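To be precise, the following lines are upload_18.csv, and they hold CSV, C-alpha atoms.
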chain,number,residue,atom,x,y,z
A,52,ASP,CA,109.5,104.4,219.3
A,53,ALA,CA,106.4,102.3,219.9
A,54,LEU,CA,105.3,99.4,217.7
A,55,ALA,CA,101.8,99.6,216.1
A,56,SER,CA,98.8,98.4,218.0
A,57,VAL,CA,98.2,94.7,217.6
A,58,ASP,CA,94.7,94.0,216.3
A,59,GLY,CA,94.5,90.2,215.6
A,60,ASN,CA,92.0,90.9,212.8
A,61,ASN,CA,94.7,90.0,210.2
A,62,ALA,CA,92.6,87.8,207.8
A,63,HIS,CA,94.1,88.9,204.4
A,64,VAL,CA,93.1,86.8,201.4
A,65,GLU,CA,95.1,85.4,198.5
A,66,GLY,CA,96.3,87.9,195.9
A,67,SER,CA,99.5,89.2,194.4
A,68,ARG,CA,99.0,92.4,196.4
A,69,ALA,CA,96.9,93.4,199.3
A,70,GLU,CA,95.8,96.3,201.5
A,71,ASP,CA,98.1,98.6,203.4
A,72,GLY,CA,97.9,99.8,207.0
A,73,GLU,CA,99.1,102.7,209.2
A,74,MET,CA,102.5,103.2,210.8
A,75,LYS,CA,103.4,105.3,213.8
A,76,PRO,CA,106.4,107.6,213.6
A,77,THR,CA,109.1,108.0,216.2
A,78,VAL,CA,108.4,110.4,219.0
A,79,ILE,CA,110.9,112.9,220.5
A,80,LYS,CA,111.2,114.3,224.0
A,81,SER,CA,113.4,117.0,225.4
A,82,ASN,CA,114.6,118.2,228.8
A,83,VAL,CA,116.1,121.5,230.0
A,84,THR,CA,119.1,121.9,232.2
A,85,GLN,CA,119.1,123.7,235.6
A,86,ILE,CA,121.8,125.8,237.1
A,87,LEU,CA,122.6,125.2,240.8
A,88,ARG,CA,124.6,128.0,242.5
A,89,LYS,CA,126.0,128.6,246.0
A,90,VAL,CA,127.7,131.9,246.8
A,91,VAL,CA,130.0,132.4,249.9
A,92,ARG,CA,131.9,135.4,251.3
A,93,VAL,CA,133.9,135.8,254.5
A,94,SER,CA,136.3,138.5,255.6
A,95,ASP,CA,140.0,137.9,255.7
A,96,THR,CA,140.1,138.5,259.5
A,97,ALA,CA,137.4,135.8,260.0
A,98,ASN,CA,139.2,133.5,257.6
A,99,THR,CA,142.4,133.8,259.6
A,100,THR,CA,140.8,133.5,263.0
A,101,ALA,CA,141.3,130.2,264.7
B,303,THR,CA,103.6,72.5,215.7
B,304,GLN,CA,103.5,75.4,213.1
B,305,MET,CA,102.9,74.7,209.4
B,306,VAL,CA,104.5,77.3,207.1
B,307,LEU,CA,103.6,77.4,203.4
B,308,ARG,CA,105.3,80.5,201.9
B,309,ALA,CA,108.1,82.3,203.6
B,310,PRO,CA,109.1,85.6,201.9
B,311,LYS,CA,111.2,84.7,198.9
B,312,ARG,CA,113.2,87.0,196.6
B,313,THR,CA,112.8,86.8,192.8
B,314,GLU,CA,113.4,89.2,189.9
B,315,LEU,CA,110.1,91.1,189.7
B,316,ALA,CA,109.2,94.2,187.8
B,317,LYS,CA,109.8,96.7,190.6
B,318,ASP,CA,109.7,100.1,189.0
B,319,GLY,CA,109.1,103.7,190.1
B,320,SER,CA,110.3,105.3,193.3
B,321,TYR,CA,107.4,104.6,195.7
B,322,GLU,CA,109.5,101.7,197.2
B,323,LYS,CA,106.3,100.1,198.3
B,324,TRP,CA,107.1,96.7,199.8
B,325,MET,CA,104.9,93.8,201.1
B,326,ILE,CA,105.6,90.8,203.3
B,327,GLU,CA,103.5,87.7,202.7
B,328,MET,CA,103.4,84.7,205.0
B,329,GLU,CA,101.0,81.8,205.1
B,330,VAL,CA,100.8,79.8,208.3
B,331,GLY,CA,98.6,77.2,210.0
B,332,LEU,CA,98.5,75.2,213.2
B,333,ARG,CA,98.4,71.5,213.8
B,334,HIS,CA,97.4,69.7,217.0
B,335,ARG,CA,97.6,66.0,217.8
B,336,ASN,CA,95.0,64.0,219.8
B,337,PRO,CA,92.5,66.8,220.5
B,338,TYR,CA,91.8,65.2,223.9
B,339,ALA,CA,95.5,65.5,224.8
B,340,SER,CA,95.4,69.2,225.7
B,341,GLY,CA,93.0,70.8,228.2
B,342,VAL,CA,91.3,74.1,228.4
B,343,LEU,CA,89.7,76.0,231.3
B,344,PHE,CA,87.3,78.9,230.6
B,345,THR,CA,87.2,81.3,233.6
B,346,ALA,CA,83.6,82.4,234.1
B,347,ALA,CA,81.0,83.2,236.8
B,348,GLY,CA,78.3,81.0,238.2
B,349,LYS,CA,74.7,80.8,237.1
Any chance you could give the structure as structure tokens?
Amino acid sequence: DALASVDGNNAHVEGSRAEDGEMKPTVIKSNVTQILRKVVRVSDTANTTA
Amino acid sequence: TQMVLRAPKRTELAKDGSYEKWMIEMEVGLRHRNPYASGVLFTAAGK
């Protein structure tokens, strides 16, 4: 969310009611997930070698 | 200091409908003592 933009021109005058302004809605963002992968393969003979 | 005249009060008013429109009123002013007690410096360029 982000507050409205300050203006400083607020000079409303007496009166039971008064004018209305604008309001900014809440924004929404999104991110996607990535898959990291590492494959490995080795023969049994090589795995047993010292 | 800060002079406040009307903080938002709550009283039984004729609030009808479903618009739910609300308003917030606040009357404020400012007071300063001994005008020559505070100083101001306006940053500007030469002639």
- prompt: How many Å lie between atom CA of residue 72 of chain A and atom CA of residue 332 of chain B, rounded to one decimal?
  reply: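 Separation between atom CA of residue 72 of chain A and atom CA of residue 332 of chain B: 25.4 Å.
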- request: Using all atoms listed in the file, pick whichever of A:100, A:59, A:64, A:74 has the shortest atom-to-atom distance to chain B.
  value: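 Using all atoms listed in the file, the shortest distance to chain B belongs to A:64.
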Atom CA of residue 73 of chain A to atom CA of residue 307 of chain B, distance in Å rounded to a single decimal: 26.3 Å
Could you give me, as a tab-separated table, every chain A residue with an atom at most 9 Å from chain B, plus its closest atom pair and distance in Å to one decimal, counting only C-alpha atoms, rows ordered by chain then number?
residue	atom	partner	partner_atom	distance
A:68	CA	B:325	CA	7.7
A:69	CA	B:325	CA	8.2
A:71	CA	B:325	CA	8.6
- request: Please check which residues have atoms at most 12 Å from (110.3, 85.0, 195.7) in the file's coordinates, counting only C-alpha atoms, and write them as a PyMOL selection string.
  value: (chain A and resi 67) or (chain B and resi 308-315+325-328)
- prompt: Distance atom CA of residue 58 of chain A-atom CA of residue 322 of chain B, one decimal place?
  reply: 25.4 Å
